[PDB]
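To convert, take the position in the sequence shown, counting from 1, and add 5; that gives the working numbering.
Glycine residues also receive a C-beta, built at the ideal position from the N, C-alpha and C atoms.
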Amino acid sequence: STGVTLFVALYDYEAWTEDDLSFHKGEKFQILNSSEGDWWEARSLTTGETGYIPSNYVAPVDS
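In structure tokens form, the structure reads like this:
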């Protein structure tokens, strides 16, 4: 709203499909789209890359 609402990776994840995003534990994300359910479109603030991430692998930072 005045800044990004941050989520953080709890676990490592290796992409294996057409549009998912690999990431390591501790990367932070802006969530771009949550409408799909258990897969969220996100941009990693660590690598700059964008794709789908499993929602059960992340948690809000100010938590």
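Close-in-space but distant-in-sequence residues of the same chain around residue i (CB under 7 Å, 5 per side omitted)
i          : result
residue 30 : 14, 15, 16 and 17
Of the listed residues the options, nearest to residue i (C-alpha basis)
i          : options           : result
residue 26 : 64, 66 and 44     : 44
residue 10 : 48, 59, 40 and 23 : 48
residue 22 : 8, 57 and 37      : 57
residue 61 : 7, 6, 42 and 20   : 42
residue 55 : 36, 8, 12 and 6   : 36
Three-way DSSP call (helix, strand, coil) for residue i in this model
i          : result
residue 16 : coil
Proximal residues to residue i (C-beta, below 6 Å), its chain only, five neighbours per side dropped
i          : result
residue 28 : 14, 18 and 49
residue 68 : none
residue 66 : 11 and 13
DSSP beta-bridge partners of residue i
i          : result
residue 49 : 34
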